[PDB]
Amino acid sequence: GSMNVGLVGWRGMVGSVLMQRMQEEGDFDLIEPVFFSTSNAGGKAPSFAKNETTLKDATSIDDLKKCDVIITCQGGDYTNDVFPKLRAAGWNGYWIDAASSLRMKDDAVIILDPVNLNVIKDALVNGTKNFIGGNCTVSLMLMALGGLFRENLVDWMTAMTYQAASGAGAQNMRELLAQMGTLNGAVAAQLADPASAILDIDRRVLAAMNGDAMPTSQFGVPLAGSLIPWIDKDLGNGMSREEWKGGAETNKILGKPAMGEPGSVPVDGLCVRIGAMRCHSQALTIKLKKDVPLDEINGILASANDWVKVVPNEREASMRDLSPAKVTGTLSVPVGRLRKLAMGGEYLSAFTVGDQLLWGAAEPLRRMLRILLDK
Amino acid sequence: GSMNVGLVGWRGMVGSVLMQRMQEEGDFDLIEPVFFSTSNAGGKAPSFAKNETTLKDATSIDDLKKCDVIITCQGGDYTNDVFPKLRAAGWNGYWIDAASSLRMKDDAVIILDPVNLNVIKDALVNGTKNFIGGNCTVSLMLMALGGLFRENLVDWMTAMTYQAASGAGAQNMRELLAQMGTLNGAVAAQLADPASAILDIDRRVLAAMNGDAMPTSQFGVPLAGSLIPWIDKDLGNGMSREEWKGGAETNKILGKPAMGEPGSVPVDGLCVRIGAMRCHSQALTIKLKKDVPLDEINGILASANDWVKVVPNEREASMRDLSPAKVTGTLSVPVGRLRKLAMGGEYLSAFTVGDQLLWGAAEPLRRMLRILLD
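Residues numbered from 1 in each chain as written, not as in the entry; some residues may be left out. Chains lettered and ligands numbered in written order. Heavy atoms only, no water. Residues with missing side-chain atoms left out of burial classes, pairs and counts.

Method information in the entry identifies X-ray crystallography as the source of the structure, with 1.550 Å recorded as the resolution.

Chain B is annotated in the PDB entry as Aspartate-semialdehyde dehydrogenase from Burkholderia thailandensis. The title given to this PDB entry is "Crystal Structure of an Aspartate-Semialdehyde Dehydrogenase from Burkholderia Thailandensis". Per UniProt, the comment on chain B under Sequence similarities (unreviewed entry) is "Belongs to the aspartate-semialdehyde dehydrogenase family." (UniProt positions renumbered as here; feature names shortened; annotations may be inferred.)

Per the PDB entry, chain A goes by the name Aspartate-semialdehyde dehydrogenase and belongs to Burkholderia thailandensis.

Right, here's the structure in full:
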């Protein structure tokens, strides 16, 4: 109970989910938590604090350096500023980070322990000190499909995603919900009138969607009632940075050669935002190395970790269990719609849904803390 | 101007879009429209009728048989009732139908004239009398990607769809909008308070979504804030009827051997409902028969018909131009996100958006009428 663990970014959305999980799992009984803040350093720490009842300065190298471990959800700009300074000052502790900044560095491991505990443990023995959560899309895909990769069955995969607002941030979630209000408000009286004409309702909704009152400052365009087929930076070659992460991070998590080199697994596709709060869904075309029976595939997938489940490939079950409505706020990672595609027995469809803030953000970080504790 | 054209199902949603389009394009000037009714036979026809100002009876074989052409948006149950009776009574006019019922009959053509005008014209010469619109998903996909098929360049395609409520019907659209009210209404006060906590808002939205007050009688489950990864009947083999239509109807529209036979092109994938009103979008993995340069692909797609629009594969253009917000209520069929995938030069991505009620429903029907008129 004497590991000194600094928490940075704990006030933000991802950090708040992390605090809740750490409390739920009893993690604070196992450590001495030290709370950092970008503002209000010297104020009172949160309830979780034990001996360190005062907030420390998030950009103070001297206070950060006293920690054995730092868990940060503060983001990439923070990492890019503070991390080099802290290491340059001689800090030799463990850095656990949600941000993308350090993911592809040779002295960092991308962490998803139900999938790559072996990669993590080997790196710890090799003296690695940087442990970085992967992109939410990749983490969620591998929590669902990791069994097939573990059995070396995947030739390649395309993923067409259906991504939630939470990946863009809290203000984006708020804008989505405000947009829902704009669209419903434009037709509230008409919806209450059974005799109203659908084409009038449709006209009114479109006029509201594309009008001045629709709040679009966060997304740039409507999300409610629509979709956005580009996420993150434009790499200038027809690929988004979100899409690029798929292949780069999948191969690194699994300890394979870099994307495009022999032995790597091609993972590619299109990343598209839809009007969901906090669950990402993905529709997969998977080429396997051989024609494996479906029953065997179901077992390989279901047995891979404690959170995946396979949803029977049937209408009612798929409608009720394979959706954001069912999965939001839970640690479950269902996969379903598993069948062979018309091209042949080596071609497999899949559809998976996972909570972006849990396995896609906070959960791997606290699990890495538990690995460092041997708990 | 003397072709007698019966209109059935003209008061429903698809029929109303059809009526608006026929008015816009001057179609009624070229025909004698005869309006049919299931519930008000003998009543007043719409004011854009000409000499036939009284509604005829939609199930009167005698009234129907007087038509040279019948265009029906009334649905499959109606077709299955009257069509076989009309034919058995010796009616030899043209039947133009939005419904799926007759699509796969050997004496019917699936119509999408900017893609298969040749198939349609050959069928007319050979005496075919049944011209049936295709499934919205396939029609919209082919409006965008048909150039590659027409050049015989496609080995296979998977399509992961993002489908609108309009495909399910007007009451489903209304439910989607009511659901948006339920979700926003649960948090409107919190949204208006800049200091409110996002995890409180999130909790409240989920409780509303899964609570008894969320209206779900039409979809069975939430759509707003969610998605539904199954559309239409369960075929009992892990495929929905909506997904089955992809391969079946793509091959038939194009005049290829039946899906699964030598020379057919496999089209398959997963059909997923999202919270949009009336545009379907689709994300495609396409295997081509050879490694075609991207500029050549773009030219083949753009030159295929007058409605496809290639959207440059850039962030700003994709966000602005490749969405339901842009496309809804228009005849434009954008396709973009076109690049080679990591597997190799023969693998192509694409993303397309199209209005379900226009090219996916009403538009091919009025265009077929124009073909019959020359």
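Engineer: Explanation requested: the pairing of strand 4 (residues 69–72) of chain B in the structure shown.
Structural biologist: On a regular strand, one side chain projects to one face of the sheet and the next to the other, so that they alternate. All names here are of chain B. Burial along strand 4 is two-sided: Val69 and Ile71 and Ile70 and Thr72, pointing in opposite directions, are all buried. With four bridges joining them, strand 1 (residues 4–8) and strand 4 adopt parallel strand pairing. The residue of strand 4 that forms the bridge with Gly6 is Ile70. Direction of pairing for strand 4 relative to strand 5 (residues 94–97): parallel, over a ladder of four bridges. Its bridge partner being in strand 5, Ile70 is matched across the sheet by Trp95. (Buried < 20%, exposed > 50% of the residue type's maximum accessible area, 1.4 Å probe, protein only. Helix = DSSP H or I, 4+ residues; strand = E, 2+ residues; numbered from the N terminus. Pairing = 2+ DSSP bridges.)

Engineer: Which parts of the structure should I look at to understand the UniProt feature "binding site: phosphate" (unreviewed entry) in chain A?
Structural biologist: Residue and element names in this part refer to chain A. Within this numbering scheme, the UniProt entry marks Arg103 and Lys245 as carrying the feature "binding site: phosphate" (unreviewed entry). A maximum C-alpha distance of 10.1 Å among these annotated residues, which run over 143 residues, shows that they cluster at one spot. Under the relative-accessibility criterion, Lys245 is labelled buried at 8%. For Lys245, the residues in contact, after removing those within four places along its chain, are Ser100, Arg103, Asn135, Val138, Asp232 and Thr250. (Contact = heavy atoms within 4.5 Å.)

Engineer: Is there a simple way to think about the interface of chain A and chain B in this case?
Structural biologist: Buried accessible area, meaning the area lost when the parts come together, often serves as the stated size of an interface. Listed by partner, the interface residues are 83 residues for chain A and 85 residues for chain B. Each partner contributes to the roughly 6800 Å² buried at the junction of chain A and chain B, and carbon and sulfur atoms together form 68% of this total. When the area that chain A buries against chain B is broken down by residue, the three leading residues are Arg174, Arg315 and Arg339 of chain A, summing to 10%. In this structure, the connection of chain A to chain B is made through eight salt bridges. Its salt-bridge partner being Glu243 of chain B, residue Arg339 of chain A comes within 2.9 Å of it at the nearest N-O pair. Of the residues forming the side of chain A that touches chain B, the biggest block, nine residues, is contributed by helix 6 (residues 170–185) of chain A. Partitioning the side of chain A that touches chain B into residue classes produces 47 nonpolar, 22 polar and 14 charged. (Buried area = accessible area lost by both parts, 1.4 Å probe. Salt bridge = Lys/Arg side-chain N within 4 Å of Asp/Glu carboxyl O. Nonpolar A, V, L, I, M, F, W, Y, C, P; charged D, E, K, R; others polar.)

Engineer: Looking at this structure, I do not really get the sheet that holds strand 10 (residues 279–288) of chain A. What am I missing?
Structural biologist: Neighbouring strands of a sheet are bound in pairs by backbone hydrogen bonds; such pairs are parallel or else antiparallel. Residue and element names in this part refer to chain A. Strand order across the open sheet formed by six strands is 9-8-10-13-12-11, with mixed pairing between neighbours. Each having just a single partner strand, strand 9 (267–270) and strand 11 (308–310) make up the two edges of the open sheet. Neighbour to neighbour, the strand axes of the sheet diverge by 25 degrees on average, direction disregarded. Pairing of strand 10 with strand 13 (residues 347–355) involves nine bridges; the strand directions are antiparallel. The residue of strand 13 that forms the bridge with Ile286 is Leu348. Contacting strand 8 (154–162), strand 10, strand 11, strand 12 (333–340) and strand 13, helix 5 (residues 136–150) runs over the sheet at an angle of about 40 degrees to strand 10. (Axes fitted to C-alpha atoms, helices over the stretch in contact; angles between N-to-C directions.)

Engineer: Can you walk me through the packing of helix 5 of chain A against helix 9 (residues 241–253) of chain A in this structure?
Structural biologist: Two packed helices can be described by the angle between their axes and the distance between those axes. Residue and element names in this part refer to chain A. Where helix 5 meets helix 9, the axes come as close as 10 Å, and the angle between the chain directions of the two elements is 45 degrees. Considering their axes alone, helix 5 and helix 9 lie oblique with respect to each other. The element helix 5 and its partner helix 9 pack so that their crossing is right-handed. Along its contact with helix 5, which presents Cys136, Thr137, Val138, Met141, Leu142 and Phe149, the element helix 9 presents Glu242, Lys245, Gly246, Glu249, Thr250 and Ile253. (Parallel < 35°, antiparallel > 145°, perpendicular 65-115°, else oblique. Left-handed = near helix turned anticlockwise from the far one by under 90°.)

Engineer: Can you walk me through the UniProt feature "binding site: phosphate" (unreviewed entry) in chain B in this structure?
Structural biologist: Residue and element names in this part refer to chain B. Mapped onto this numbering, the UniProt entry gives "binding site: phosphate" (unreviewed entry) at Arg103 and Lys245. With respect to the element layout, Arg103 can be found in the loop between strand 5 and strand 6 (108–111). In contact with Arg103, not counting residues within four places along its chain, are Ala98, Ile110, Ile132, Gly133, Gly134, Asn135, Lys245, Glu249 and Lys252. Relative to the assigned elements, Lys245 resides in helix 9 (residues 241–254).

Engineer: Looking at this structure, I do not really get helix 10 (residues 294–302) of chain A. What am I missing?
Structural biologist: Residue pairs spaced three or four apart in an α-helix point in one direction, given the helix's 3.6 residues per turn. Residue and element names in this part refer to chain A. Along helix 10, the residues that are buried comprise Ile297, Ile300 and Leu301. Buried residues of helix 10 fall within an arc of 95 degrees about the axis and therefore sit on the same side. Taken together, the buried residues of helix 10 touch helix 5, strand 10, strand 11, strand 12 and strand 13. (Arc of directions from axis to C-beta.)

Engineer: Honestly, the environment of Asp193 of chain B in this entry has me stumped. Any pointers?
Structural biologist: You can see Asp193 of chain B is positioned in the loop between helix 7 (188–191) and helix 8 (198–210). For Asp193 of chain B, the side chain forms a polar contact with the main-chain nitrogen of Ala195 of chain B, separated by 3.0 Å. (Polar contact = N/O pair within 3.5 Å; in protein donor to acceptor, adjacent residues only side chain to side chain.)

Engineer: What exactly am I supposed to notice about the sheet that holds strand 13 (residues 347–355) of chain B here?
Structural biologist: Residues and elements named next belong to chain B. Spatially, 9-8-10-13-12-11 is the arrangement adopted by the six strands of the open sheet, whose pairing is mixed. The sheet is open, and its two borders are formed by strand 9 (267–270) and strand 11 (308–310), each paired with just one other strand. The sheet shows a mean angle of 25 degrees between the axes of neighbouring strands, direction not considered. Here strand 8 (residues 154–162) runs beside strand 10 (residues 279–288); their pairing, made up of eight bridges, is antiparallel. Note that in strand 10 the partner of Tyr162 across the bridge is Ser281. Across the face of the sheet, helix 10 (residues 294–302) comes into contact with strand 10, strand 11, strand 12 (333–340) and strand 13 while running at roughly 165 degrees to strand 12.

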